[PDB]
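Before any comments, here is the structure.
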Amino acid sequence: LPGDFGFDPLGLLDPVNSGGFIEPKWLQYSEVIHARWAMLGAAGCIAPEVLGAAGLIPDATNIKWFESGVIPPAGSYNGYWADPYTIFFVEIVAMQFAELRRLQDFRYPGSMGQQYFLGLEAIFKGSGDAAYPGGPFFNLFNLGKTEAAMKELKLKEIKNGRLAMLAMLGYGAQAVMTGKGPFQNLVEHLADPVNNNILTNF
Amino acid sequence: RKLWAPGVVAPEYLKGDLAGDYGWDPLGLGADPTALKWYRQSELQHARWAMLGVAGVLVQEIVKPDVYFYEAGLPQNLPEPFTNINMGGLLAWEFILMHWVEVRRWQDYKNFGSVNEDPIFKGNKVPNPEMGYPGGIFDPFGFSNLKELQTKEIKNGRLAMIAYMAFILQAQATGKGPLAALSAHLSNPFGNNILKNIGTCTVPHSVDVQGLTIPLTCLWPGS
Amino acid sequence: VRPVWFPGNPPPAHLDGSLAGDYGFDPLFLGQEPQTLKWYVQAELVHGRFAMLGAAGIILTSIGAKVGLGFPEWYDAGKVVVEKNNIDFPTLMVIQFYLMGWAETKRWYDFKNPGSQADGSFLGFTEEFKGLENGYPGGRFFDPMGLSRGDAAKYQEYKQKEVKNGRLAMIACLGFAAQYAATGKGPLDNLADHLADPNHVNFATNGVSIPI
Amino acid sequence: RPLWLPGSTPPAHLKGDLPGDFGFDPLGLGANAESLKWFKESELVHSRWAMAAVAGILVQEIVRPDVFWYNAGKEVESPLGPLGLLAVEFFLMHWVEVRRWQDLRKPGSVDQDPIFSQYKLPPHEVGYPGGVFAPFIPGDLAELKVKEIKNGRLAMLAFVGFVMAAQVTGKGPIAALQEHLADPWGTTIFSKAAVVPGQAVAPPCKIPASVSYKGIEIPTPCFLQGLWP
Ligand code: CLA
Ligand code: CLA
Ligand SMILES: CC1=C[C@H](O)CC(C)(C)[C@H]1/C=C/C(C)=C/C=C/C(C)=C/C=C/C=C(C)/C=C/C=C(C)/C=C/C1=C(C)C[C@H](O)CC1(C)C
Ligand SMILES: CC1=C[C@H](O)CC(C)(C)[C@H]1/C=C/C(C)=C/C=C/C(C)=C/C=C/C=C(C)/C=C/C=C(C)/C=C/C1=C(C)C[C@H](O)CC1(C)C
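From first to last, the protein sequence lines are chains R, Z, G and S. Each step along the first sequence adds one to the number in the working numbering, with nothing skipped, and position 5 is 356. Each step along the second sequence adds one to the number in the working numbering, with nothing skipped, and position 193 is 214. Each step along the third sequence adds one to the number in the working numbering, with nothing skipped, and position 209 is 1209. Each step along the fourth sequence adds one to the number in the working numbering, with nothing skipped, and position 123 is 134.
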């Protein structure tokens, strides 16, 4: 329902004879999950380049985003507090807890507010809906107290998210082809809009 | 009645019964009342020890501006009578007396109204009207109404908690005390900023005390 | 109601909560039959109790090996005991088989026939080899201080503590084995290395546990 | 009724019936009554041996200095042989101990003297014999039993303090107290050893090695020597 512009050429939200992971409840929910992770991905892949061009962070940091240690063939950064596998095991445990309790609220709605979790149970009651739990932490400030304002905010989240998903596919494509960063691509396209395009870099 | 942000609805267990109540609990930690009583007592303890620590670092830096409170704990940096003292025996004194007073306050939490009397001299007693507010010989001047003074106490205490962890944070970053860092920001506000001094911990990396080496700790991987 | 090993999923029908350590953890359904679950309860308690005794031996001998007392490390302890004493190996192994087979077989046939070892056939003893519950043989020999027959709710608390410490010691002994197989060192030497460099000395730097 | 923690509640099996009952049983080791009888007897016997032990060590260090009580068994001399003394102690203690244990397991069954049938010990309670064992009593038993268990608990703690202070310092109790009075800030257990997550330091053992007595070569280890601070 948020972002319902009627664009479905391949007919995947058909309720008749559905199942598996092709389902309205799974597809809309994975759409907002990809949207939120791609907003964070777009801001995170921009921010070192613009903060190193603005002169706010030093030049030991501000490296290109694919040289962070995501792809050690593309380049790594020594200066983290540990090795990237030592980081990645903490990521495994932390994201396992987070994503796995999120999965359990999707499969059993409201079931994350009974078993003792350090007093963190009223926070994870959720709603009668996936993708938008709310509560005192997932909705810190009560934004969307009006139902129409809540619909408008969901639609803005959908549109900013789809734009950031296109932007993150863009960051991957440009990063593979021209071998530079997206802010460097901004600088080159704003310097020479004619002589710096996709048609030049072939 | 004002809350921590406009438009936010306070929880149902936050009502105004406790002092300093802005309806702010985004994690729902005080949803169980026994846990809420425990965290109220821990809030009072952190607030009072942090007010004492801020007033400490403030007065120590004002009176003797060569102490450097972040290195005041060393045996060499001690006052006139005992300035090469045995830190073992010092910690022994502290362990015994603090374990005493701490277990007395813990039994006050467990059984409210059961450790008011002096166990040695049986004609002495403190009336505590609320938990965490002993009174009597702990309130010798006796201004206790009590509610607005409790609000002043918890607001000053929250500000001093933020201010003391600020003190430790600035002192690890730029290596100086709070008044010296304030004088540096007044000397230049654009240079000597948080934008520049961060990223380098001035933590001196496992100071050797008299026999043992303490591992040292910065709050962020500066190095 | 009760905390499950995996929050959100209901517990299985054969795990009710009457047992100590009952978290509803049986994803392979190995204990659907009540007799098989009874036998696995007793096997869990025996593995746990051996792991607690073994892990306490590992920890105390490793403390006495790092502090300079001359204690071996546990992967060399049996060889140095047999070689520094006047002990031949297979006779001590056979005497172990005799004593452990006697005691173990008493445990086996008290599982089979539940009150039958208290008949008096062993030397004269009656009701001191009768069990109290499955895997809980408390009489005068096995519970001499007598905690299972006073303050029954506190005894249920001790059953819970025993099962939790036993599972913790089973994964700790699997620890010591894996730690030795990776690093080739004493386990409290490994703990000293982790206290020395936490960020840099770990399983992601041993070069074995993740071979990438 | 005073408690080990003023304000708490005692366990439900502790009422105030026994002397020295201050409601201290965190592990619940006396919820069985049949166990609690045995442990009351064992508490009385440990307390009496420890009181006599602390009196022996104190009077020994006062009267005869330059004799270390941890090494009195080594440096004592007698024409009385060691196995002869051990045999006399073995038979006479086996006698006395089995008499007391028979009074425990059968209450009031060894009251009568076996040699002299005139003399019979009066009815009593277990642990508190009376009669010729108690010819002179000052005051009342309802307070003297409390005094006996308090002094005995304090002397049990005193004896394990003597053993640990002798193994860590190497001196007697009075000499160690003179050391703590000569340097109170500098001679404590906090002042000798500490464990930090970086490194740990333990005091050196002042009891050297296996002790060479007359051919036996008694091994003499220190108690939990890898676990001292
Ligand atoms: C090869 C034979 C085959 C066929 C004909 C099908 C057909 C189907 N599958 Mg099945 N499936 C298969 C193999 C197959 N699957 C395998 C091997 C697995 C295990 C991974 C599954 C597990 C599976 C699940 C969990 C689900 C299905 C579903 C479906 C139905 C809809 C899928 C769809 O069109 O969504 C469009 C497809 C996508 C959105 C995913 C495409 C991208 C993924 C990563 C696959 C990439 C394939 C590509 C060749 C990989 C290139 C790699 C290269 C670039 C390195 C359709 C009936 C769904 C269903 O039942 O709904 C009714 C459903 O939920 N399948
Ligand atoms: C010598 C052994 C010994 C024994 C058998 C007892 C037995 C008893 N004590 Mg006593 N107690 C002792 C020594 C002993 N005590 C000492 C030295 C102190 C001074 C610290 C006390 C202080 C004390 C108080 C205040 C009270 C008792 C009470 C009791 C009775 C009920 C508690 C119970 O059931 O636990 C049975 C106890 C045991 C089975 C002994 C524990 C054996 C474990 C396995 C060893 C653990 C000890 C550990 C290593 C620490 C050693 C000392 C340490 C400082 C190095 C019971 C008759 C209560 C009472 O009198 O009510 C009627 C009571 O209120 N005790
Ligand atoms: C609509 C429709 C309809 C019809 O029916 C059919 C069809 C056609 C099929 C459909 C379509 C679809 C589409 C188009 C899709 C697309 C998607 C995407 C692009 C995604 C991405 C997505 C993406 C995403 C999530 C992403 C994310 C990202 C991230 C996190 C990142 C991160 C990072 C950062 C920060 C920085 C550093 O350096 C590191 C990293 C790590 C690198
Ligand atoms: C439950 C379930 C259910 C579902 O249905 C399915 C599943 C999931 C499959 C399952 C799970 C399972 C598991 C996890 C298991 C594990 C186990 C273990 C680890 C054990 C150990 C166990 C362990 C053990 C006994 C151990 C023991 C030990 C010992 C004795 C030791 C000894 C020793 C010592 C002292 C020292 C020396 O010098 C040497 C030695 C000789 C070496």
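Where is the CB? At the ideal position from N, CA and C, for every residue including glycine.
- By the CB criterion at 9 Å, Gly1048 (chain G) and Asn1165 (chain G) fall inside the cutoff.
- Those residues whose C-beta sits under 7 Å from the nearest heavy atom of ligand 3 are, from N- to C-terminal order along the chain, R:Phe358, R:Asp359, R:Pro360, R:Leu361, R:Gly362, R:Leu363, R:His385, R:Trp388, R:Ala389, R:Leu391, R:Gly392, R:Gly395, R:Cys396, R:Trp416, R:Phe417, R:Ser419, R:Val421, R:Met516, R:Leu517, R:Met519 and R:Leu520.
- Of the residues assessed, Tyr130 (chain S) falls on the exposed side of the cut-off, its CB having fewer than 16 other CB atoms within 10 angstroms.
- For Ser244 (chain Z), no alpha helix (DSSP H) segment is defined, and its DSSP state is neither H nor E.
- Residue-level contact by beta carbon fails for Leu73 (chain Z) and chain R, as no gap is shorter than 9 Å.
- For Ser202 (chain S), the C-beta contacts it makes with chain Z under 8 Å involve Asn107, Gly109, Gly110 and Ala113, in order along the chain.
- Close to chain R, meaning a Cβ-Cβ distance shorter than 7 Å, is no residue of the region 75-103 of chain Z at all.
- Interface annotation, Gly39 (chain S): in contact with chain G, CB-CB separation under 9 Å.
- For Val74 (chain S), the enclosing alpha helix (DSSP H) covers residues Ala44 to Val74.
- Judged by the Cβ position, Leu38 (chain S) qualifies as a neighbour of ligand 2 at the 8 Å threshold, a heavy atom of the ligand being closer than this.
- DSSP, read as helix, strand or coil, puts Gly74 (chain Z) in helix.
- Residue R:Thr437 holds the alpha-carbon nearest to the alpha-carbon of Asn1206 (chain G) among R:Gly430, R:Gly392, R:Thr437 and R:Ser369.
- Beta bridge pairing from DSSP links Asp229 (chain Z) with Z:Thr234.
- For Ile373 (chain R), the three-state secondary structure derived from DSSP is strand.
- At a Cβ-Cβ threshold of 9 Å, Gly461 (chain R) and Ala473 (chain R) do not count as neighbours.
- At a cut-off of 9 Å between beta-carbon atoms, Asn1009 (chain G) makes contact with chain R.
- Burial state of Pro533 (chain R) is buried, judged by a 10 Å Cβ sphere holding 16 or more other Cβ atoms.
- Neighbours of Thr1183 (chain G) in chain R, taken as residues whose beta carbon is under 7 Å from its own, are absent, since the nearest beta carbon is some 16 Å off.
- When beta bridges are read from the DSSP output, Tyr154 (chain Z) appears opposite Z:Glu151.
- The Cβ-Cβ distance between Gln231 (chain Z) and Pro96 (chain Z) falls below 9 Å.
- The straight-line gap separating the alpha-carbon atoms of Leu97 (chain S) and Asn1086 (chain G) is approximately 29 Å.
- One finds nothing in chain G with a Cβ atom closer than 7 Å to the Cβ of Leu55 (chain S); even the nearest lies about 18 Å away.
- For chain R, the residues of the region 48-63 of chain Z that bring a beta carbon within less than 7 Å of one of its beta carbons are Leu48, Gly49, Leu50, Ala52, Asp53 and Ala56, in chain order.
- The straight-line gap separating the alpha-carbon atoms of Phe417 (chain R) and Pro435 (chain R) is approximately 14 Å.
- At least one heavy atom of ligand 4 is found less than 8 Å from the C-beta of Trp1074 (chain G).
- Residues of the region 462-475 of chain R whose Cβ lies closer than 9 Å to any Cβ of chain G, in chain order: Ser462, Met463, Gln465, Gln466, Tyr467 and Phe468.
- Judged by beta-carbon spacing, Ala71 (chain Z) lies within the 9 Å limit of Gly178 (chain Z), meaning their Cβ atoms are closer than that value.
- Taking C-beta atoms as the reference points, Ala184 (chain Z) and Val75 (chain Z) count as a pair closer than 9 Å.
- Comparing alpha carbon positions, the residue from Z:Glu33, Z:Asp42 and Z:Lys58 closest to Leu24 (chain Z) is Z:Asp42.
- Taking the C-beta atoms as reference points, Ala1055 (chain G) is found no nearer than 9 Å to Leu1188 (chain G).
- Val1163 (chain G) and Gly1021 (chain G) do touch by the CB rule: their CB atoms are close to 4 Å apart, below 8 Å.
- Boundaries of the alpha helix (DSSP H) harbouring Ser204 (chain Z): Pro199 to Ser208, taken from the DSSP string.
- The Cβ neighbour count for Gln1096 (chain G), taken over all protein chains shown within 10 Å, is under 16; the residue is labelled exposed.
- Among the CB atoms of chain S, none fall inside 9 Å of the CB of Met1052 (chain G).
- At a C-beta separation below 8 Å, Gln128 (chain Z) has these neighbours in chain S: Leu16, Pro17, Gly18 and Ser19.
- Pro208 (chain S) is classed as exposed because its beta carbon has fewer than 16 other beta carbons within 10 Å across all chains shown.
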